[PDB]
Each structure stands twice: as structure tokens, then as C-alpha cells.
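S.K.: Quick one: this structure, given as C-alpha cells, is what I'll be asking you about.
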Amino acid sequence: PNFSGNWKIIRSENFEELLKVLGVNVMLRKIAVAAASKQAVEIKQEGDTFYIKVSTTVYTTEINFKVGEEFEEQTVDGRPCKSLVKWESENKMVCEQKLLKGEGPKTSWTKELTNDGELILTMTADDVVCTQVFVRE
Ligand SMILES: *C/C=C(C)/C=C/C=C(C)/C=C/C1=C(C)CCCC1(C)C
């Protein structure tokens with residue numbers, strides 16, 4: 001099954017609460033929530049190799065990984081981490097993150113392709129889960 005495509009966000013829930021856990025002050029949280037409403041995700045999937053480009057109006061980032069192989073990226077609030085993605089089912093994967101330096105909330109993310117053709121991303125910090133839903137452009 002295939003995540004490849006150009007995805008545009010239709011719903012973003014609990015993102016402010018996630019950023020709050022991660023220590024972001026209120027004005028930056030509000031501006032970040034607004035930036036998230038413009039989020040686009042481009043995915044190229046080849047077997048278990050993924051190329052992902054996530055962008056908003058003024059920023060773009062590339063995430064490249066192979067399932068089961070450690071890689072480096074950043075947490076949501078922007079701290080370098082070591083990440084490891086595993087499948088949880090046919091169309092859902094889970095990424096566990098570990099800070100390269102220092103300490104903080106336990107963070108992770110998941111990506112799921114639903115039977116109805118939506119892409120669901122969750123991002124977690126401790127007890128707080130943000131859910132974002134995308135459809136194909
Ligand atoms: C498989 C898809 C993944 C791993 C998507 C990750 C997306 C992010 C880490 C998005 C982060 C953003 C911020 C930290 C604030 C600016 C707006 C976002 C939503 C692009």
C-alpha cells in the first residue's frame with residue numbers, strides 16, 4: 001500500500017496543547033498553529049524507504065528514512081533527535097524519538113493511510129496527542 005503523493009492538510013487538532021507541553025510560549029504557539037493550517041506533505045515511498053517533505057508558507061524540511069533503521073531529525077519544537085520507525089500494521093507506522101542532548105517530554109509520531117484515502121499524522125509529547133488529517137491534492 002502506498003503513502004506516495006502530495007498531501008494537503010484539512011484538520012489540525014491539539015497542536016497548541018502539544019507545543020505548550022514542549023515549552024513554547026503563547027504567542028509563538030498561536031502563530032505556529034496558524035502556520036500548521038498551511039502544512040503540506042509530499043511523500044515518495046519505495047518499499048520501506050521514505051522521502052518526506054513537509055512545508056508551510058515560509059519553511060520546508062526533508063525527512064528521509066528507511067523503516068527499521070535509525071536516522072536523525074528534529075522534534076516538533078526543533079531539538080535534534082535519533083528516530084526509529086516501525087510498522088504497526090499494513091498502513092500505519094510509528095516513530096520513537098530520543099533527544100541527542102539533554103532531557104524533555106517523551107516524543108513520537110505516527111503516520112497512517114486510512115481506507116478512505118486520508119493521511120493521518122499524530123505527534124505526541126508525553127500525555128498530549130496532536131492529530132492532523134490530510135487529503136490528496
Ligand atoms: C510522516 C510525516 C511527518 C513525520 C510529519 C512531520 C511534521 C512536522 C514535524 C511538522 C511540524 C510543524 C511545526 C513544528 C510548526 C510549523 C508547522 C508544522 C506543522 C510544519
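Going through the C-alpha cells in order, the chains are called A, B, and so on, while each chain numbers its residues from 1 and the ligands are numbered from 1 in the order shown.
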What residues have any atom no more than 9 Å from ligand 1 when counting only C-alpha atoms and all ligand atoms, and can you list them as a ChimeraX atom specification?
M.R.: /A:12,15,19,29,31-43,50,52-57,59-61,63,74-78,93,95,109-112,120-123,132
S.K.: With distances taken over only C-alpha atoms, which residue among A:136, A:101, A:20, A:106 lies nearest residue 118 in chain A?
M.R.: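 Checking each candidate against residue 118 in chain A, we get A:136 as the closest.
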S.K.: Just to confirm, what's the straight-line distance from CA of residue 94 in chain A to CA of residue 125 in chain A in Å (one decimal)?
M.R.: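 So the two atoms, CA of residue 94 in chain A and CA of residue 125 in chain A, lie 13.7 Å apart.
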S.K.: Let me make sure I understand: among A:73, A:87, A:45, A:22, which one has the smallest atom-to-atom distance to residue 103 in chain A if we use only C-alpha atoms?
M.R.: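 Closest to residue 103 in chain A of all the choices is A:22.
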S.K.: Could you pull out the alpha helix (DSSP H) residues of range 33-102 of chain A from DSSP and send them as a PyMOL selection string?
M.R.: chain A and resi 33-36
S.K.: Which is closest to residue 98 in chain A among A:84, A:119, A:58, A:26, if we use only C-alpha atoms?
M.R.: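 Of all the options, A:84 lies closest to residue 98 in chain A.
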S.K.: So how far away is CA of residue 116 in chain A from CA of residue 97 in chain A, in Å?
M.R.: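 CA of residue 97 in chain A sits 28.7 Å away from CA of residue 116 in chain A.
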S.K.: Mind checking which residues fall within 7 Å of residue 65 in chain A, counting only C-alpha atoms, ignoring those fewer than 4 positions away in the same chain, and posting them as a list in words?
M.R.: residues 49, 50, 51 and 71 of chain A
S.K.: Can you write just those residues out, C-alpha atoms, as a short mmCIF file (atom, residue, chain, number, x, y, z; two decimals), in the first residue's frame?
M.R.:
data_model
loop_
_atom_site.label_atom_id
_atom_site.label_comp_id
_atom_site.auth_asym_id
_atom_site.auth_seq_id
_atom_site.Cartn_x
_atom_site.Cartn_y
_atom_site.Cartn_z
CA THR A 49 12.21 3.74 2.04
CA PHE A 50 10.53 7.10 2.55
CA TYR A 51 11.32 10.58 1.34
CA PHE A 71 18.09 8.27 11.48
#
S.K.: Tell me, as a PyMOL selection string, which residues lie within 12 Å of residue 48 in chain A, counting only C-alpha atoms; anything in the same chain fewer than 4 positions away does not count.
M.R.: chain A and resi 1-4+44+64-69+85-87+90-91+93
S.K.: Would you write out those residues with N, CA, C and O atoms, as an mmCIF file, in the first residue's frame?
M.R.:
data_model
loop_
_atom_site.group_PDB
_atom_site.id
_atom_site.type_symbol
_atom_site.label_atom_id
_atom_site.label_comp_id
_atom_site.auth_asym_id
_atom_site.auth_seq_id
_atom_site.Cartn_x
_atom_site.Cartn_y
_atom_site.Cartn_z
ATOM 1 N N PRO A 1 0.846 -1.199 0.000
ATOM 2 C CA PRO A 1 0.000 0.000 0.000
ATOM 3 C C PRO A 1 0.882 1.249 0.000
ATOM 4 O O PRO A 1 2.009 1.175 0.499
ATOM 5 N N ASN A 2 0.396 2.375 -0.519
ATOM 6 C CA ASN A 2 1.325 3.453 -0.807
ATOM 7 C C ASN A 2 0.994 4.880 -0.368
ATOM 8 O O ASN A 2 0.016 5.512 -0.777
ATOM 9 N N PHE A 3 1.876 5.369 0.487
ATOM 10 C CA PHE A 3 1.796 6.705 1.046
ATOM 11 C C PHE A 3 2.174 7.804 0.056
ATOM 12 O O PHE A 3 1.958 8.982 0.351
ATOM 13 N N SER A 4 2.762 7.436 -1.091
ATOM 14 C CA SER A 4 3.288 8.437 -2.031
ATOM 15 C C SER A 4 2.195 9.391 -2.458
ATOM 16 O O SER A 4 1.048 8.992 -2.667
ATOM 17 N N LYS A 44 7.415 10.413 -1.092
ATOM 18 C CA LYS A 44 7.764 9.386 -2.061
ATOM 19 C C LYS A 44 8.175 8.123 -1.314
ATOM 20 O O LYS A 44 9.136 8.125 -0.545
ATOM 21 N N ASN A 64 14.103 11.795 5.600
ATOM 22 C CA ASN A 64 14.390 10.614 4.807
ATOM 23 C C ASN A 64 14.725 9.476 5.748
ATOM 24 O O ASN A 64 15.585 9.613 6.621
ATOM 25 N N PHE A 65 14.022 8.363 5.598
ATOM 26 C CA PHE A 65 14.281 7.225 6.455
ATOM 27 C C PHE A 65 13.956 5.920 5.751
ATOM 28 O O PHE A 65 13.269 5.885 4.724
ATOM 29 N N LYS A 66 14.480 4.848 6.317
ATOM 30 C CA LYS A 66 14.103 3.508 5.922
ATOM 31 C C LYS A 66 13.551 2.871 7.188
ATOM 32 O O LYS A 66 14.117 3.053 8.270
ATOM 33 N N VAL A 67 12.433 2.162 7.069
ATOM 34 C CA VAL A 67 11.823 1.549 8.243
ATOM 35 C C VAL A 67 12.844 0.621 8.892
ATOM 36 O O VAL A 67 13.522 -0.139 8.192
ATOM 37 N N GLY A 68 12.993 0.728 10.211
ATOM 38 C CA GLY A 68 13.860 -0.170 10.958
ATOM 39 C C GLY A 68 15.305 0.297 11.055
ATOM 40 O O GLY A 68 16.139 -0.373 11.672
ATOM 41 N N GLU A 69 15.611 1.441 10.450
ATOM 42 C CA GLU A 69 16.962 1.999 10.519
ATOM 43 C C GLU A 69 16.958 3.373 11.165
ATOM 44 O O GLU A 69 16.213 4.268 10.751
ATOM 45 N N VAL A 85 11.637 4.214 12.986
ATOM 46 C CA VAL A 85 10.271 3.956 12.530
ATOM 47 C C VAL A 85 10.044 2.454 12.386
ATOM 48 O O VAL A 85 10.896 1.753 11.836
ATOM 49 N N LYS A 86 8.901 1.978 12.886
ATOM 50 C CA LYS A 86 8.451 0.593 12.674
ATOM 51 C C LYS A 86 7.009 0.542 12.197
ATOM 52 O O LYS A 86 6.224 1.440 12.494
ATOM 53 N N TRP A 87 6.656 -0.508 11.454
ATOM 54 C CA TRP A 87 5.266 -0.723 11.096
ATOM 55 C C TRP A 87 4.494 -1.211 12.316
ATOM 56 O O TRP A 87 5.027 -1.949 13.145
ATOM 57 N N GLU A 90 -0.545 -2.786 8.261
ATOM 58 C CA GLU A 90 -0.283 -2.620 6.839
ATOM 59 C C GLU A 90 -0.048 -1.152 6.476
ATOM 60 O O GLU A 90 0.885 -0.818 5.741
ATOM 61 N N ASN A 91 -0.879 -0.267 7.012
ATOM 62 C CA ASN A 91 -0.798 1.132 6.607
ATOM 63 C C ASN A 91 -0.596 2.132 7.727
ATOM 64 O O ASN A 91 -1.028 3.271 7.626
ATOM 65 N N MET A 93 2.568 3.441 10.589
ATOM 66 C CA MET A 93 3.928 3.312 11.099
ATOM 67 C C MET A 93 4.070 4.218 12.313
ATOM 68 O O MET A 93 3.328 5.195 12.457
#
S.K.: DSSP on the backbone, strand (DSSP E) only: what residues of chain A does that give? Format it as a PyMOL selection string.
M.R.: chain A and resi 5-13+40-46+49-55+60-66+71-74+80-89+92-99+107-113+119-125+128-136
